[PDB]
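J.: First, the structure itself, so that you have it in front of you.
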Number of protein chains: 2
Amino acid sequence: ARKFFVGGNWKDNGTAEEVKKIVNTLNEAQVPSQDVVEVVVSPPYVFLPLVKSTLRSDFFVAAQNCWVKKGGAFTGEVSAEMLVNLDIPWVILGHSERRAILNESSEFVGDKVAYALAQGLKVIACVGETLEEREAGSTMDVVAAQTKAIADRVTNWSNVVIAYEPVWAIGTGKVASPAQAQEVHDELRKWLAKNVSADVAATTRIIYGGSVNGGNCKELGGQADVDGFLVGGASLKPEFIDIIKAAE
Amino acid sequence: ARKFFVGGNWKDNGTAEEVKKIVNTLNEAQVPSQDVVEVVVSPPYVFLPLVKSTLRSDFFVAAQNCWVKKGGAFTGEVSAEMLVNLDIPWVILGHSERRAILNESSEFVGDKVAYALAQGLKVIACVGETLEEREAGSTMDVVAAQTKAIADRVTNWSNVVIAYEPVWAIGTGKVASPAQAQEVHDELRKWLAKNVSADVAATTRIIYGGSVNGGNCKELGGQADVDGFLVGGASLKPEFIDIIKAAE
Ligand code: NA
Ligand code: NA
């Protein structure tokens with residue numbers, strides 16, 4: 001069985017005092033065993049050492065991005081080998097905000113995934129379609145093309161988790177049902193089975209990166225092809241613990 | 001007189017052990033007084049708290065970039081208000097690598113400068129032309145356009161330092177003379193006098209961001225319109241101290 005996976009993307013949020021309170025609340029949390037849930041939290045770069053040094057050892061830390069290749073003459077970027085030096089085990093790559101606002105192409109994201117895995121990082125690789133893409137009938141064309149650019153560059157999927165972001169439901173007045181989430185996760189898994197292998201399809205976690213809260217987390221988590229969540233704003237709040245508890 | 005200014009851009013370099021050795025070497029350095037040189041060092045984001053907590057109090061810390069506007073839903077970015085929370089006083093904006101490789105436009109850089117200054121950061125704003133631009137006769141057209149996009153958005157220059165990067169001499173086999181540096185710095189200062197004010201032209205440091213080493217730092221620093229340096233790779237090395245000593 002695929003181990004349920006809950007990632008918390010803090011995005012570009014936090015002060016030293018807020019980070020201490022978030023970490024304390026996570027450290028005091030009582031959640032399902034390590035055997036049935038894997039928990040990753042993702043602070044901004046400036047808080048990676050602080051969170052790694054203070055967070056309970058059974059929760060894991062992710063960076064929110066990294067650079068595409070070996071560091072040295074890229075002002076402002078953080079290399080995969082720098083994250084490995086700091087003992088940060090995970091990285092989020094291809095988040096919808098970076099694809100749309102910073103124009104990260106599918107091939108650029110795929111090159112980042114390959115380089116991060118080569119350096120020993122575990123990767124949350126994000127895919128997802130816009131409302132214009134969904135309304136054009138292009139959901140699976142887009143999600144397959146994004147996934148293919150990663151798959152063409154990945155020789156081992158053990159340390160990859162795919163996150164589906166329903167960008168079409170993010171600030172549009174459109175809402176995604178559990179059935180709509182399940183349909184995309186099923187079709188993406190079927191794509192992996194045909195384009196990579198049956199074994200990779202069966203073993204790769206595909207997590208939901210839409211609106212997740214205490215209200216909806218059990219119905220979403222219980223879908224056949226949903227293996228957990230990439231949480232946004234609730235990741236800063238005690239509600240994140242209720243979302244982890246969907247693994248029960 | 002304009003106070004000589006030496007910035008060290010570490011770029012995407014460093015391990016925890018290397019950072020400790022760099023900071024120790026800076027802490028043991030014996031350099032000109034605070035009255036005649038201002039020293040700023042710029043680690044990667046993940047080392048900002050470590051360097052700020054351990055560096056001598058008379059040297060200052062810069063981030064290598066920040067986001068264009070208020071933080072909250074920009075995965076992977078670091079906001080100006082986050083740097084202010086961490087008591088990081090400086091930021092480098094518009095570095096040539098970000099303009100060229102990450103396609104930061106002149107207007108985007110100008111919006112970043114304005115937002116950083118509004119939040120209370122001090123800014124090293126970078127400009128510079130490529131070899132193709134220089135060979136087309138476009139040096140001052142390019143440098144003026146880059147500067148204008150910042151000037152159009154800046155209402156106070158007290159906390160701005162401009163860095164000129166001779167991108168045309170960076171990995172091309174072309175070399176920049178002290179006379180060539182002086183010519184651009186003079187023409188840029190003359191542009192500031194006409195387009196902003198005589199007072200801003202007279203008081204704004206314009207630092208040289210080309211190849212700076214112990215060999216060339218005194219001849220470059222002694223040019224009439226060169227007010228210091230934005231150092232690249234030497235910033236990681238004990239040679240950075242020899243470059244600071246050009247202020248004598
Ligand atoms: Na499920
Ligand atoms: Na000078």
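As a convention, Cβ positions derive from the backbone with ideal geometry for all residues, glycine included, and neighbour counts pool all protein chains shown. Laboratory data are not the source of any read-out in this text; all were calculated from the coordinates shown.
J.: What is the sum of charges around A:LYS70, taking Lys and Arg as +1, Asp and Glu as -1, for the other residues whose C-beta is under 15 Å from the C-beta of A:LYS70?
T.: Net charge in that neighbourhood comes out at -2.
J.: If the label point is 7 Å along Cα→Cβ of B:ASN27, which residues in region B:41-73 have backbone nitrogen under 14 Å from it?
T.: B:50-59
J.: What nm distance separates the two modelled labels at B:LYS69 and B:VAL175, each placed 7 Å from Cα along Cα→Cβ?
T.: If labels sit at B:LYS69 and B:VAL175, their model points lie 4.7 nm apart.
J.: Beyond 27 Å, how much of the Cα-Cα pair distribution for chain A remains, as a whole percent?
T.: Counting pairs separated by more than 27 Å, the tail of P(r) holds 31 percent.
J.: Shifting gears a bit: Residues in region A:99-119, backbone N under 18 Å from the label point at A:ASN156 (7 Å along the Cα-to-beta-carbon vector): list them, ranges by number please.
T.: Of the residues in region A:99-119, A:111-119 have backbone N under 18 Å from the label point off A:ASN156.
J.: Let me ask something else about it. Once you keep just the Cα pairs under 8 angstrom separated by 6 or more residues, what percentage relative contact order results for region A:1-115?
T.: Answer for region A:1-115 is 22 percent.
J.: Using alpha-carbon pairs under 8 Å, 6+ residues apart, how would you state the relative contact order of chain A in percent?
T.: 22 percent
J.: In whole Å, largest first, what are the principal axis extents of the Cα atoms in region A:117-247?
T.: Sorted largest first, the three principal extents are 37, 36, 26 Å.
J.: Along the principal axes of its C-alpha atoms, what lengths does the protein assembly as shown span, in descending order and rounded to whole Å?
T.: Result, largest extent first: 71, 46, 39 Å.
J.: A further question follows. Taking Rh as the Kirkwood radius computed over C-alpha pairs, what is the Stokes-Einstein D of region B:1-89 at 20 °C in a medium of viscosity 1.002 mPa s, expressed in µm² per second?
T.: 151 µm²/s
J.: Pull out the extension gain between B:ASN85 and B:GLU239, defined as 0.36 nm times the separation in residues minus the alpha carbon to alpha carbon distance; nm, one decimal.
T.: 52.3 nm
J.: What residues have an amide H closer than 5 Å to that of A:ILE92, excluding those fewer than 5 places away on the same chain, when H is modeled at 1.01 Å from N in the peptide plane?
T.: A:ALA63, A:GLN64, A:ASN65, A:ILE124
J.: What's the local net charge at A:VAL127, with K and R +1, D and E -1, over the other residues with C-beta under 15 Å away?
T.: With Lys, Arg at +1 and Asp, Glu at -1, the neighbours total -4.
J.: Using θ = phi - 60° and the Karplus form 6.51 cos²θ - 1.76 cosθ + 1.60, what ³J(HN,Hα) does each residue of region A:235-240 get, whole Hz, x for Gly and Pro?
T.: Values per residue, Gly and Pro as x: 5, 7, 10, x, 4, 3 Hz.
J.: Which of the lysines could a cross-linker span from A:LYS122 if the Cα-Cα distance has to be under 22 Å and same-chain partners fewer than 8 positions apart are dropped?
T.: Those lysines meeting the cut-off are A:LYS3, A:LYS11, A:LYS52, A:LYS69, A:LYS70, A:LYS112, A:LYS148.
J.: Let me see the pair-distance distribution of region B:52-136: every alpha carbon pair, 10 Å bin width, integer percents in order.
T.: 17, 45, 27, 10, 1
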